[PDB]
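Q: One structure coming up, written as structure tokens, with questions to follow.
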Amino acid sequence: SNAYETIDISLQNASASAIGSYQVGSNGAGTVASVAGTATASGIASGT
Amino acid sequence: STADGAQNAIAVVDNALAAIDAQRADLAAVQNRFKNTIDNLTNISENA
């Protein structure tokens, strides 16, 4: 009974052929990787 | 219609009914004063 006292919902934007796996996964966005899916001398390096 | 109304109208009518009922209370005080005055006047007139 008060103004702006409401309950929101986050219904999906669409259940069309636009939903799926929001995911590249590796080596396929822009350019291929340098170590992943590639033969290297030193291998995977340190870091985060 | 869409965004403003659903809440702005309540925001209006709240103080709207507040002021209306305040005027009603003013009138109520006026008429209670009037009834006390007419009783007093009838008593004074009878004593006169």
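Just remember, in the structure tokens the first chain shown is A, the second B, etc., residues are 1-based per chain, and ligands are 1-based in the order shown.
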At most 12 Å is the cut-off: for each residue in chain A with any atom that close to an atom of range 11-23 of chain B, write down the nearest atom pair and the distance in Å rounded to one decimal, counting only C-alpha atoms, chain first then increasing number, as CSV.

A:
residue,atom,partner,partner_atom,distance
A:1,CA,B:14,CA,10.5
A:2,CA,B:11,CA,8.3
A:3,CA,B:11,CA,6.4
A:4,CA,B:11,CA,9.4
A:5,CA,B:11,CA,11.8

Q: If you count only C-alpha atoms, which residues fall within 12 Å of range 37-39 of chain A, apart from same-chain ones fewer than 3 positions away, as a short mmCIF file (atom, residue, chain, number, x, y, z; two decimals) with N, CA and C atoms, in the first residue's frame?

A:
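What follows is the written file result-v4.cif:
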data_model
loop_
_atom_site.label_atom_id
_atom_site.label_comp_id
_atom_site.auth_asym_id
_atom_site.auth_seq_id
_atom_site.Cartn_x
_atom_site.Cartn_y
_atom_site.Cartn_z
N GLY A 25 35.57 -20.95 -24.84
CA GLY A 25 36.19 -22.11 -24.24
C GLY A 25 37.69 -22.16 -24.41
N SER A 26 38.18 -21.91 -25.62
CA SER A 26 39.61 -21.81 -25.89
C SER A 26 39.89 -21.43 -27.34
N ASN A 27 41.02 -20.75 -27.57
CA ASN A 27 41.75 -20.72 -28.83
C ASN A 27 40.90 -20.39 -30.06
N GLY A 28 39.67 -19.92 -29.86
CA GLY A 28 38.78 -19.71 -30.99
C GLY A 28 38.23 -18.30 -31.09
N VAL A 32 44.32 -17.86 -32.14
CA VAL A 32 44.59 -19.08 -31.41
C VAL A 32 45.57 -18.79 -30.27
N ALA A 33 45.60 -19.70 -29.29
CA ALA A 33 46.49 -19.55 -28.15
C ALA A 33 47.92 -19.87 -28.57
N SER A 34 48.85 -19.68 -27.63
CA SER A 34 50.26 -19.95 -27.86
C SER A 34 50.71 -21.29 -27.30
N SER A 42 58.80 -24.76 -23.66
CA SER A 42 58.75 -24.61 -22.21
C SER A 42 57.42 -25.07 -21.63
N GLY A 43 56.34 -24.98 -22.41
CA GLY A 43 55.04 -25.39 -21.93
C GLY A 43 54.26 -24.26 -21.30
N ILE A 44 53.25 -24.65 -20.52
CA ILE A 44 52.43 -23.70 -19.78
C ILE A 44 53.32 -22.95 -18.79
#

Q: Give me, as JSON lines, each residue of chain B that comes within 9 Å of chain A, together with its shortest interatomic pair and the distance in Å at one decimal, counting only C-alpha atoms, with rows ordered by chain and rising residue number.

A:
{"residue": "B:6", "atom": "CA", "partner": "A:3", "partner_atom": "CA", "distance": 7.8}
{"residue": "B:7", "atom": "CA", "partner": "A:3", "partner_atom": "CA", "distance": 4.6}
{"residue": "B:8", "atom": "CA", "partner": "A:3", "partner_atom": "CA", "distance": 7.2}
{"residue": "B:9", "atom": "CA", "partner": "A:3", "partner_atom": "CA", "distance": 8.5}
{"residue": "B:10", "atom": "CA", "partner": "A:3", "partner_atom": "CA", "distance": 6.0}
{"residue": "B:11", "atom": "CA", "partner": "A:3", "partner_atom": "CA", "distance": 6.4}

Q: To one decimal place, how far is CA of residue 1 in chain B from CA of residue 8 in chain A in Å?

A: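 Distance between the two atoms: 18.3 Å.
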
Q: At what distance in Å, to one decimal, does CA of residue 44 in chain B lie from CA of residue 25 in chain B?

A: 28.2 Å

Q: Could you check how far CA of residue 24 in chain A sits from CA of residue 11 in chain A, in Å to one decimal?

A: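 Calculated distance between CA of residue 24 in chain A and CA of residue 11 in chain A is 24.6 Å.
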